[PDB]
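Just below is one structure, and these are the notes that go with it.
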Amino acid sequence: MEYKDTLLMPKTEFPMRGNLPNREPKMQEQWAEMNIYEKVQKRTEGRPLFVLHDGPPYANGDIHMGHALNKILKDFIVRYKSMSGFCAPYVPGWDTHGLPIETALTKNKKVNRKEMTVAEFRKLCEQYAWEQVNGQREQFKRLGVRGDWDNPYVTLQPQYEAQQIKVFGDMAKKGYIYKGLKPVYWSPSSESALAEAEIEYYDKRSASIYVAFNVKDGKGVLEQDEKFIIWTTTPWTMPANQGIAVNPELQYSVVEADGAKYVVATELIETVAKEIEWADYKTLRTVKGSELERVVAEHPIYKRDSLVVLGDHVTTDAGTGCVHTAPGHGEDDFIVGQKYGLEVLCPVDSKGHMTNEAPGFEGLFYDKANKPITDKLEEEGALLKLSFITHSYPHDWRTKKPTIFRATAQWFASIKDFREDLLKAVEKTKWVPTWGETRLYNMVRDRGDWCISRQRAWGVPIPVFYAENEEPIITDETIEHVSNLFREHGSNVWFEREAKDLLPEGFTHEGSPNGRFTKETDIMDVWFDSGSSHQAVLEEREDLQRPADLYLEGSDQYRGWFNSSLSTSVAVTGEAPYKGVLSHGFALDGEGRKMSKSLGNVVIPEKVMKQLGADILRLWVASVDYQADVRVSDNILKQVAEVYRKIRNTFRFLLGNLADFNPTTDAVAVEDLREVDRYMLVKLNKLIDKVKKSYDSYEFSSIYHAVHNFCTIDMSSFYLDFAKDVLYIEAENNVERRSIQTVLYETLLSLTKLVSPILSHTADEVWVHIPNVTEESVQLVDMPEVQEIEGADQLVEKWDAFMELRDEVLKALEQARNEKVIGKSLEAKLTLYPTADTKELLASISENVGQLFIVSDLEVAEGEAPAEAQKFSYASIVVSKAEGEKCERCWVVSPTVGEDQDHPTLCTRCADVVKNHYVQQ
Ligand SMILES: CC[C@H](C)[C@H](N)C(=O)NS(=O)(=O)NC[C@H]1O[C@@H](n2cnc3c(N)ncnc32)[C@H](O)[C@@H]1O
Ligand SMILES: CC[C@H](C)[C@H](N)C(=O)NS(=O)(=O)NC[C@H]1O[C@@H](n2cnc3c(N)ncnc32)[C@H](O)[C@@H]1O
Ligand SMILES: [Cl-]
Ligand SMILES: [Cl-]
Ligand SMILES: [Cl-]
Ligand SMILES: [Cl-]
Ligand SMILES: [Li+]
Ligand code: NA
Ligand code: NA
Ligand code: NA
Ligand SMILES: [Zn+2]
């Protein structure tokens, strides 16, 4: 009214309190209406392509915080490359087959796969799949992820299944596919084989056994009174024993007497004495391990022949130098068993129950038969000691129940035949973090052959036929026919036709003169479905190319997608399907614990999406070291939300006091700018260069703090703080405020473009309040390009010292605020006693120091009288009262108030501004 003369923040069109949860959905509505993904893709249609191939998440259910972190990090890279001279097509995907879907339906929906036909259960899996891919798609959109959502890929599509058969066929033609009876992981709960990617390790309690094997034929080395000692944590494997293993040359065993003579490795005498609790024991003689070859022993229960074998797998670290060898339940046992032609015995069926191969324990679950086995061992007297240990044990990745080794006929990919090319691909790939290279390298050099056959329904069947010779039929014509047949009708055609209707129209094989063929029923590993994505997506789709330039998935994918995709591509191409890998850790609670509902620490993405919003989560992703494990909690997100509050206030302030400025022609030249403004221009360009470099190096934590530092202290507390009382009081065409707001315009234009990859809900919201809008959204322009500023280094040194000195002056003002006598900064007059260095810097100031320090008046003298006021290390300061008339407009205490007859209550500055008009008003 009479006290105020406007000159406030006009543009409140950007609200202060951020109600993103109710505003962001409307923001996404306009993005979908304009089809912004197609716009940026069309704009960069001729630019070089940077492909970030999306790892297909499972459709097991709704998204968790880990899903969001994956997509948000992908969105950061794609958005930056879209507006940095690259074409960045991003198509989502979904891994649809496998146990993650069957187990979800079986447990949650209480359906029984054995109460319905295979076709019916597969149809139910297909229904639940599309339900989840639709639900996950909308949840990703709410987060604010840009991509080809209307045209994604799923693993159940016939085109994908057709190409996956081609991938399998190409490897088979190379000779990398074979079938054999080998021990592999078995899940009795799922009644199927498994691989390491389908295995989770948990601590499990197992019974430790020290058992004795009697000697029948010592071959002139041992008498019948000696007995071998065996340590085993798997009692159920005893009925399958066919031999005993000992190290031939490196380890020499001895005979120990504790009332009876036992055979044990020499280096384990003390360790075996404390376990069996021997009282008095004496060594008889020493025998080299190789001398014990072909010694015949007896089974403690069945008294069958057990052949002592030589192998390098037996170690001193075990409980005894002799190891029970069961070729049907162990990798190393199978290898040595085949070396000596030992029988392969697997008395355990697919459901984990003992079969007729174990006479005294038939029908028992393997874990439930451990106690009866020990009881029979103790009845025979061969049991020495029984104990219990807890150790990490493999478990099914879906049923969470333990797995066992079973020797069964399975399909394998011969990794050993091209392991060298796999190692070369890892060495030629760029890994971020760096340890990822050694992570996958060692996983390959120590990997065995990959079991790819699964005894389940929901998946892609293995395209192998069998003739009357029972010879597997794999050839390019059969592979081509089934691939085209799958492309038309899908994988369902395999489960609804006999073999002769799935073959070429006139195919005949030598092994079956009658033309009577049969088909395979096992399906492929779900990791093979995802590992064929590069051939079916990067190669088949025209919008993408192979190899992709980056893979971005979690740390668990080194066993999974990173490994399987490399295996299929190097088998076919010989080269890696990716030029680089970016790895992110897992999401944890505030105390570094797994987010499980059991702990009650789950941070639901939808929970944060509605309580806080999307850009808050986007900042949180950029606020953490994703490359390692990340910890999240509601309190942490509130801190991130508070940071967004400071960012939002700075943007509102920048938009507000910039309203009365049109930079179309009111642009102040760089030479005409204030040296104070020129320093901010240098700082802005340094910020642009650092942010763009950080995007290239993928260091988002640097961007998060750099922007936070640039706004909280550098701009809002130092530069905008001065402009809070200078911009609007002066004339609206004054070169001072016009030049300052050219800097504000440059910051607003550049910062809005910089933040666009990380935050877009607020970036486009600010982009609306831009005087010069040549593109509909901020995502349609490129990132700002750094521009050199003349005399930058000299001004950086000068004004960084000036910033330091101002902070000390503010500290002196805050000391006066502690006194609260003046209780004001602008009204206070200053008498300064600077150091020669400080005095030289003040002399170099060509601007008004009074307005910079937001003080009424400043005088400089070498009084050198400290009194009791203050003295900074570079200047002595006195905060004095001016005692003049206070202006009613600028609030500056100035003696000039009253000199103007028309405005006796205004100073000369305010009186001149009020009286004079530039051209109008
Ligand atoms: C199937 C029953 C559960 C696993 C039960 N918690 C249980 O067995 N708990 S335990 O503490 O006995 N676990 C010991 C492990 O060793 C086996 N075991 C237990 N008692 C004996 C025994 N007397 N002789 C041989 N093996 C035995 C169990 O199968 C379990 O894996
Ligand atoms: C590339 C994806 C694989 C082929 C597989 N479908 C898969 O892992 N599917 S998933 O849906 O379970 N996971 C997809 C991505 O999410 C990561 N992830 C899973 N759980 C978490 C977690 N708790 N914290 C952080 N990231 C996590 C996976 O590593 C993968 O990148
Ligand atoms: Cl089941
Ligand atoms: Cl063992
Ligand atoms: Cl048929
Ligand atoms: Cl058939
Ligand atoms: Li707070
Ligand atoms: Na049913
Ligand atoms: Na079969
Ligand atoms: Na089957
Ligand atoms: Zn005034």
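Ligands are numbered from 1 in the order shown, residues from 1 within each chain, and chains are lettered A, B, ... in the order they appear in the structure tokens.
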Within 7 Å of ligand 9 (only C-alpha atoms and all ligand atoms), residues as a short mmCIF file (atom, residue, chain, number, x, y, z; two decimals) with C-alpha atoms, in the first residue's frame:
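Contents of part.cif, as written:
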```cif
data_model
loop_
_atom_site.label_atom_id
_atom_site.label_comp_id
_atom_site.auth_asym_id
_atom_site.auth_seq_id
_atom_site.Cartn_x
_atom_site.Cartn_y
_atom_site.Cartn_z
CA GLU A 520 12.52 -83.87 -26.93
CA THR A 521 10.45 -82.65 -23.98
CA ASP A 522 12.96 -80.63 -21.95
#
```
- Message: To check your reading of the model: which residues sit at most 12 Å from ligand 1 when counting only C-alpha atoms and all ligand atoms? Write the answer as number ranges by chain.
- Response: A: 203-211, 232-238, 364-378, 383, 385-391, 393, 401-402
Go ahead and save the residues from that selection, with C-alpha atoms, as a short mmCIF file (atom, residue, chain, number, x, y, z; two decimals), in the first residue's frame.
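Once everything was written out, this is selection39.cif:
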```cif
data_model
loop_
_atom_site.label_atom_id
_atom_site.label_comp_id
_atom_site.auth_asym_id
_atom_site.auth_seq_id
_atom_site.Cartn_x
_atom_site.Cartn_y
_atom_site.Cartn_z
CA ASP A 203 23.63 -71.74 5.80
CA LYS A 204 22.41 -75.30 6.33
CA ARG A 205 23.00 -77.74 9.18
CA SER A 206 24.52 -81.04 8.06
CA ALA A 207 25.61 -84.10 10.03
CA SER A 208 29.35 -84.81 9.94
CA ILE A 209 30.29 -88.49 9.84
CA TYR A 210 33.58 -90.30 10.38
CA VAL A 211 33.07 -93.84 9.08
CA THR A 232 31.25 -87.07 4.85
CA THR A 233 28.67 -84.34 5.44
CA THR A 234 26.22 -86.11 3.08
CA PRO A 235 25.09 -89.40 4.67
CA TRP A 236 22.53 -89.99 1.91
CA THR A 237 25.36 -90.41 -0.63
CA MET A 238 26.74 -93.49 1.17
CA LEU A 364 12.83 -92.18 1.93
CA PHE A 365 13.51 -88.52 1.32
CA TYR A 366 17.28 -88.09 1.16
CA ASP A 367 17.53 -85.79 4.19
CA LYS A 368 15.12 -87.99 6.16
CA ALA A 369 17.28 -91.06 5.41
CA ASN A 370 20.46 -89.63 6.99
CA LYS A 371 19.53 -90.79 10.49
CA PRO A 372 18.55 -94.35 9.39
CA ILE A 373 21.83 -94.58 7.46
CA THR A 374 23.87 -93.67 10.55
CA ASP A 375 21.86 -96.10 12.68
CA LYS A 376 22.65 -98.92 10.25
CA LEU A 377 26.29 -97.79 10.17
CA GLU A 378 26.48 -97.94 13.96
CA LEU A 383 30.56 -95.40 12.40
CA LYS A 385 32.10 -90.26 15.18
CA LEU A 386 28.95 -88.25 14.50
CA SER A 387 28.85 -84.45 14.73
CA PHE A 388 26.97 -81.48 13.27
CA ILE A 389 28.21 -78.47 11.30
CA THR A 390 26.64 -75.45 9.61
CA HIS A 391 27.93 -74.47 6.18
CA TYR A 393 24.72 -74.92 0.96
CA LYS A 401 14.90 -75.46 -0.64
CA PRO A 402 18.23 -77.31 -0.84
#
```
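One distance worth recording is that between CA of residue 798 (chain A) and CA of residue 841 (chain A), which is 7.4 Å.
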With a distance cut-off of 10 Å and only C-alpha atoms, select the neighbouring residues of residue 680 (chain A), excluding the residue or stretch itself and same-chain residues fewer than 3 positions from it, and output the selection as a tab-separated table (two decimals) with C-alpha atoms, in the first residue's frame.
```
chain	number	residue	atom	x	y	z
A	674	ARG	CA	30.28	-6.74	-14.15
A	675	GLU	CA	33.46	-8.55	-13.14
A	676	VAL	CA	31.35	-10.01	-10.32
A	677	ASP	CA	28.95	-11.32	-12.97
A	683	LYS	CA	31.70	-20.76	-12.52
A	684	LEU	CA	28.63	-21.68	-14.59
A	685	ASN	CA	30.79	-22.89	-17.49
A	686	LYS	CA	32.98	-24.90	-15.09
A	714	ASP	CA	27.33	-20.32	-4.02
A	715	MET	CA	24.12	-18.91	-5.54
A	719	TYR	CA	25.00	-14.19	-5.32
A	740	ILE	CA	23.03	-9.60	-13.48
A	743	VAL	CA	23.70	-14.25	-15.87
A	744	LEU	CA	20.51	-15.53	-14.23
A	747	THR	CA	22.15	-20.13	-15.54
A	795	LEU	CA	39.10	-13.49	-12.03
A	796	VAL	CA	38.76	-16.92	-10.39
A	799	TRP	CA	36.79	-13.37	-6.67
```
- Task: May I ask which of the residues A:873, A:187, A:70, A:779 is the closest one to residue 348 (chain A), counting only C-alpha atoms?
- Result: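 Of the candidates, the smallest distance to residue 348 (chain A) is held by A:187.
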- Find the spatial neighbours of region 495-511 of chain A, counting only C-alpha atoms, within a cut-off of 9 Å - ignore same-chain residues fewer than 4 positions away - and output them as number ranges by chain. A: 118-119, 457, 461, 465-471, 473, 477-478, 481-482, 485, 491, 515-521
- Step one, run DSSP on the backbone; step two, keep only residues of region 300-350 of chain A assigned to strand (DSSP E or B); then write them as an MDAnalysis selection string. chainID A and resid 305:310 323:325 348
- Task: Counting only C-alpha atoms and all ligand atoms, name the residues that have an atom within 8 Å of an atom of ligand 7; the answer should be given as a ChimeraX atom specification.
- Result: /A:638-639,642
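Proximity of A:691, A:632, A:616, A:622 to residue 24 (chain A), computed with only C-alpha atoms, is greatest for A:616.
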- Of the listed residues A:797, A:191, A:437, A:864, that which approaches ligand 3 most closely, counting only C-alpha atoms and all ligand atoms: A:191
- Backbone-only DSSP, alpha helix (DSSP H) members of region 538-763 of chain A, as a ChimeraX atom specification: /A:561-572,605-611,615-622,634-656,675-697,700-709,720-723,735-755,761-763
With only C-alpha atoms and all ligand atoms counted, collect every polymer residue having an atom within 8 Å of ligand 11; state the result as a compact mmCIF listing (two decimals) with N, CA, C and O atoms, in the first residue's frame.
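For reference, result08.txt as written:
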```txt
# COMPACT_ATOMS: atom_id res chain seq x y z
N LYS A 886 16.41 6.63 7.54
CA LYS A 886 16.14 5.38 6.84
C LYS A 886 15.20 5.63 5.67
O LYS A 886 14.12 6.20 5.84
N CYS A 887 15.62 5.20 4.48
CA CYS A 887 14.75 5.30 3.32
C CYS A 887 13.58 4.33 3.46
O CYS A 887 13.75 3.19 3.88
N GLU A 888 12.39 4.81 3.10
CA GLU A 888 11.18 3.99 3.19
C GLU A 888 11.04 3.02 2.03
O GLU A 888 10.11 2.20 2.04
N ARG A 889 11.92 3.08 1.04
CA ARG A 889 11.85 2.23 -0.15
C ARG A 889 12.95 1.19 -0.20
O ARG A 889 12.67 0.00 -0.34
N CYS A 890 14.22 1.61 -0.10
CA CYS A 890 15.34 0.67 -0.12
C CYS A 890 15.83 0.29 1.27
O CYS A 890 16.74 -0.55 1.37
N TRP A 891 15.28 0.88 2.33
CA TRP A 891 15.63 0.60 3.72
C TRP A 891 17.09 0.89 4.05
O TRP A 891 17.58 0.46 5.10
N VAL A 892 17.80 1.62 3.19
CA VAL A 892 19.19 1.98 3.44
C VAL A 892 19.23 3.26 4.27
O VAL A 892 18.55 4.24 3.94
N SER A 894 20.61 6.44 4.92
CA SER A 894 21.41 7.36 4.14
C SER A 894 21.12 8.80 4.53
O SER A 894 19.96 9.16 4.76
N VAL A 897 18.40 11.22 2.44
CA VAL A 897 16.95 11.25 2.59
C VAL A 897 16.53 12.63 3.05
O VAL A 897 17.06 13.17 4.03
N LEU A 906 12.57 9.54 0.85
CA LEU A 906 13.35 8.64 0.01
C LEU A 906 14.76 9.19 -0.18
O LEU A 906 14.98 10.40 -0.18
N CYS A 907 15.71 8.27 -0.35
CA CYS A 907 17.09 8.65 -0.64
C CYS A 907 17.20 9.14 -2.07
O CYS A 907 16.24 9.12 -2.85
N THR A 908 18.40 9.60 -2.44
CA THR A 908 18.63 10.08 -3.80
C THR A 908 18.44 8.96 -4.82
O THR A 908 17.86 9.18 -5.89
N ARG A 909 18.91 7.76 -4.50
CA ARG A 909 18.77 6.63 -5.42
C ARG A 909 17.30 6.32 -5.69
O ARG A 909 16.88 6.21 -6.84
N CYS A 910 16.51 6.17 -4.62
CA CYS A 910 15.11 5.80 -4.79
C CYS A 910 14.29 6.94 -5.37
O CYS A 910 13.37 6.71 -6.16
N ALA A 911 14.60 8.18 -4.98
CA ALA A 911 13.87 9.32 -5.52
C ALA A 911 14.07 9.44 -7.03
O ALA A 911 13.12 9.70 -7.77
```
Given a cut-off of 10 Å, what residues near ligand 2 show up using only C-alpha atoms and all ligand atoms, put as a CSV table (one decimal) with N, CA and C atoms, in the first residue's frame?
```
chain,number,residue,atom,x,y,z
A,53,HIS,N,21.3,-51.6,-24.4
A,53,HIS,CA,20.3,-52.7,-24.4
A,53,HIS,C,19.8,-53.0,-23.0
A,54,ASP,N,18.5,-53.1,-22.9
A,54,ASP,CA,17.8,-53.2,-21.6
A,54,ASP,C,17.8,-54.7,-21.2
A,55,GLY,N,18.4,-55.1,-20.1
A,55,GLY,CA,18.2,-56.4,-19.5
A,55,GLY,C,16.8,-56.7,-19.1
A,56,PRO,N,16.3,-57.8,-19.6
A,56,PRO,CA,14.8,-58.1,-19.4
A,56,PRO,C,14.5,-58.5,-17.9
A,57,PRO,N,13.8,-57.6,-17.2
A,57,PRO,CA,13.4,-58.0,-15.8
A,57,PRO,C,12.4,-59.1,-15.9
A,58,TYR,N,12.3,-59.9,-14.8
A,58,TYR,CA,11.3,-60.9,-14.7
A,58,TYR,C,9.9,-60.3,-14.4
A,59,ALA,N,8.9,-61.1,-14.9
A,59,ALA,CA,7.5,-60.7,-14.6
A,59,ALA,C,6.9,-61.4,-13.4
A,60,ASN,N,7.7,-61.6,-12.4
A,60,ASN,CA,7.3,-62.3,-11.2
A,60,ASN,C,6.3,-61.5,-10.4
A,61,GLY,N,6.2,-60.2,-10.5
A,61,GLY,CA,5.3,-59.4,-9.8
A,61,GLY,C,5.6,-57.9,-10.0
A,62,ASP,N,5.2,-57.1,-9.0
A,62,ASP,CA,5.4,-55.7,-9.0
A,62,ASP,C,6.9,-55.3,-8.9
A,63,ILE,N,7.2,-54.1,-9.1
A,63,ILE,CA,8.6,-53.6,-9.1
A,63,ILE,C,9.0,-53.3,-7.6
A,64,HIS,N,10.3,-53.5,-7.3
A,64,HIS,CA,10.9,-53.1,-6.1
A,64,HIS,C,11.8,-52.0,-6.3
A,65,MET,N,12.4,-51.5,-5.2
A,65,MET,CA,13.4,-50.4,-5.4
A,65,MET,C,14.5,-50.7,-6.3
A,66,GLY,N,14.9,-52.0,-6.3
A,66,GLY,CA,16.0,-52.4,-7.2
A,66,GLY,C,15.7,-52.2,-8.6
A,67,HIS,N,14.4,-52.5,-9.0
A,67,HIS,CA,13.9,-52.3,-10.4
A,67,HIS,C,14.0,-50.9,-10.7
A,68,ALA,N,13.6,-50.0,-9.8
A,68,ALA,CA,13.7,-48.5,-10.1
A,68,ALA,C,15.1,-48.1,-10.3
A,69,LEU,N,16.0,-48.5,-9.4
A,69,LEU,CA,17.4,-48.0,-9.6
A,69,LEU,C,18.0,-48.4,-10.9
A,70,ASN,N,17.6,-49.6,-11.4
A,70,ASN,CA,18.1,-50.1,-12.7
A,70,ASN,C,17.6,-49.2,-13.8
A,71,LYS,N,16.3,-49.0,-13.9
A,71,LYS,CA,15.7,-48.2,-14.9
A,71,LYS,C,16.1,-46.7,-14.9
A,93,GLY,N,12.2,-54.5,-22.0
A,93,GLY,CA,12.0,-55.9,-22.3
A,93,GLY,C,11.5,-56.5,-21.0
A,94,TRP,N,11.2,-57.8,-21.1
A,94,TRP,CA,10.7,-58.6,-20.0
A,94,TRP,C,11.0,-60.1,-20.2
A,95,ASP,N,11.7,-60.7,-19.3
A,95,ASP,CA,12.0,-62.1,-19.3
A,95,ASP,C,10.8,-62.8,-18.7
A,96,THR,N,10.1,-63.6,-19.6
A,96,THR,CA,8.8,-64.1,-19.3
A,96,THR,C,8.7,-65.5,-18.9
A,97,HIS,N,9.7,-66.3,-19.3
A,97,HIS,CA,9.6,-67.8,-19.1
A,97,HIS,C,10.4,-68.1,-17.8
A,98,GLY,N,10.4,-69.4,-17.4
A,98,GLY,CA,11.2,-69.9,-16.3
A,98,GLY,C,10.4,-70.0,-15.0
A,100,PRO,N,10.6,-68.2,-12.2
A,100,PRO,CA,10.1,-67.0,-11.6
A,100,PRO,C,8.6,-66.7,-11.9
A,197,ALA,N,23.5,-69.8,-11.9
A,197,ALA,CA,22.6,-68.6,-11.9
A,197,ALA,C,21.2,-68.9,-11.2
A,526,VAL,N,16.1,-70.4,-18.6
A,526,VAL,CA,15.5,-69.1,-18.7
A,526,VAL,C,16.7,-68.1,-18.9
A,527,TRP,N,17.9,-68.4,-18.4
A,527,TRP,CA,19.0,-67.5,-18.7
A,527,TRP,C,19.5,-67.6,-20.1
A,528,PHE,N,19.2,-68.7,-20.8
A,528,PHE,CA,19.4,-68.8,-22.2
A,528,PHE,C,18.4,-68.0,-23.0
A,529,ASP,N,17.2,-67.9,-22.5
A,529,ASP,CA,16.2,-67.0,-23.1
A,529,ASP,C,16.6,-65.5,-23.1
A,530,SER,N,17.2,-65.1,-22.0
A,530,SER,CA,17.6,-63.7,-21.8
A,530,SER,C,19.0,-63.6,-22.5
A,531,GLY,N,19.8,-64.6,-22.6
A,531,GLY,CA,21.1,-64.6,-23.2
A,531,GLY,C,21.0,-64.5,-24.7
A,533,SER,N,19.0,-62.4,-26.3
A,533,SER,CA,18.4,-61.1,-26.6
A,533,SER,C,19.1,-60.3,-27.7
A,551,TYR,N,25.8,-52.4,-21.2
A,551,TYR,CA,24.9,-53.2,-20.4
A,551,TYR,C,24.9,-52.6,-19.0
A,552,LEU,N,23.7,-52.4,-18.4
A,552,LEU,CA,23.6,-51.9,-17.1
A,552,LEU,C,22.6,-52.7,-16.3
A,553,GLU,N,23.2,-53.6,-15.5
A,553,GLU,CA,22.4,-54.5,-14.6
A,553,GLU,C,23.1,-54.6,-13.3
A,554,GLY,N,22.4,-55.4,-12.4
A,554,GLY,CA,23.0,-55.5,-11.0
A,554,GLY,C,24.1,-56.5,-10.9
A,555,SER,N,24.7,-56.6,-9.7
A,555,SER,CA,25.9,-57.4,-9.5
A,555,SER,C,25.6,-58.9,-9.6
A,556,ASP,N,24.4,-59.3,-9.5
A,556,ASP,CA,24.0,-60.7,-9.6
A,556,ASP,C,24.1,-61.2,-11.0
A,557,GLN,N,24.2,-60.3,-12.0
A,557,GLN,CA,24.1,-60.7,-13.4
A,557,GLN,C,25.5,-61.1,-14.0
A,558,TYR,N,26.5,-61.0,-13.2
A,558,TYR,CA,27.8,-61.6,-13.6
A,558,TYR,C,27.7,-63.1,-13.8
A,560,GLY,N,24.7,-64.3,-14.3
A,560,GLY,CA,23.5,-64.3,-15.1
A,560,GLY,C,23.6,-63.7,-16.5
A,561,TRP,N,22.9,-62.6,-16.7
A,561,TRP,CA,22.8,-62.0,-18.0
A,561,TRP,C,24.1,-61.6,-18.6
A,562,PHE,N,25.0,-61.1,-17.9
A,562,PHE,CA,26.3,-60.7,-18.4
A,562,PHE,C,27.0,-61.9,-18.9
A,564,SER,N,25.6,-65.2,-19.6
A,564,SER,CA,24.9,-66.0,-20.6
A,564,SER,C,24.9,-65.3,-22.0
A,565,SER,N,24.7,-63.9,-22.0
A,565,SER,CA,24.7,-63.2,-23.2
A,565,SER,C,26.1,-63.3,-23.9
A,583,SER,N,27.8,-51.7,-13.7
A,583,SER,CA,27.2,-52.6,-12.7
A,583,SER,C,26.8,-51.8,-11.5
A,584,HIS,N,25.6,-52.1,-10.9
A,584,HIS,CA,25.1,-51.4,-9.8
A,584,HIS,C,24.8,-52.4,-8.6
A,585,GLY,N,25.0,-52.0,-7.4
A,585,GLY,CA,24.8,-52.8,-6.2
A,585,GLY,C,23.3,-52.9,-5.9
A,586,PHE,N,23.0,-53.6,-4.8
A,586,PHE,CA,21.6,-53.9,-4.4
A,586,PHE,C,21.2,-52.8,-3.4
A,587,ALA,N,19.8,-52.7,-3.3
A,587,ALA,CA,19.2,-51.7,-2.4
A,587,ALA,C,19.1,-52.3,-1.0
A,588,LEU,N,19.5,-51.6,0.0
A,588,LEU,CA,19.4,-52.0,1.4
A,588,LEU,C,18.7,-50.9,2.2
A,594,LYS,N,19.2,-56.5,4.1
A,594,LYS,CA,18.3,-56.8,3.0
A,594,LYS,C,16.9,-56.3,3.2
A,595,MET,N,16.3,-55.7,2.2
A,595,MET,CA,14.9,-55.2,2.3
A,595,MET,C,14.0,-56.4,2.1
A,596,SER,N,13.6,-57.0,3.2
A,596,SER,CA,12.6,-58.1,3.2
A,596,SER,C,11.5,-57.7,4.1
A,626,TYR,N,25.9,-45.9,-6.8
A,626,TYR,CA,25.2,-47.1,-7.3
A,626,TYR,C,26.1,-48.2,-7.6
A,629,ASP,N,26.9,-51.3,-3.1
A,629,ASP,CA,25.6,-51.5,-2.4
A,629,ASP,C,25.1,-50.1,-1.9
A,630,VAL,N,23.8,-49.9,-2.1
A,630,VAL,CA,23.1,-48.6,-1.8
A,630,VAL,C,22.1,-48.9,-0.7
A,631,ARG,N,22.1,-47.9,0.3
A,631,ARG,CA,21.2,-48.0,1.5
A,631,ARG,C,20.2,-46.9,1.4
```
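For the residues A:306, A:316, A:535, A:355, ranking by smallest atom-to-atom distance to residue 265 (chain A) using only C-alpha atoms places A:316 first.
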- With a distance cut-off of 7 Å and only C-alpha atoms, select the neighbouring residues of region 433-436 of chain A, excluding the residue or stretch itself and same-chain residues fewer than 3 positions from it, and output the selection as a PyMOL selection string. chain A and resi 439-440+582-583+627
- Show which residues sit within 6 Å of residue 524 (chain A), as a list in words. Count only C-alpha atoms, and ignore same-chain residues fewer than 3 positions away.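 Using only C-alpha atoms, the neighbours found are residues 452, 453, 454, 460, 461 and 462 of chain A.
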- Can I get the residues close to ligand 3 as a VMD selection string, where close means within 12 Å and we count only C-alpha atoms and all ligand atoms? chain A and resid 99 to 116 121 187 to 192 351 398 to 399 455 to 457
- CA of residue 215 (chain A) to CA of residue 259 (chain A): how many Å, to one decimal? 16.5 Å
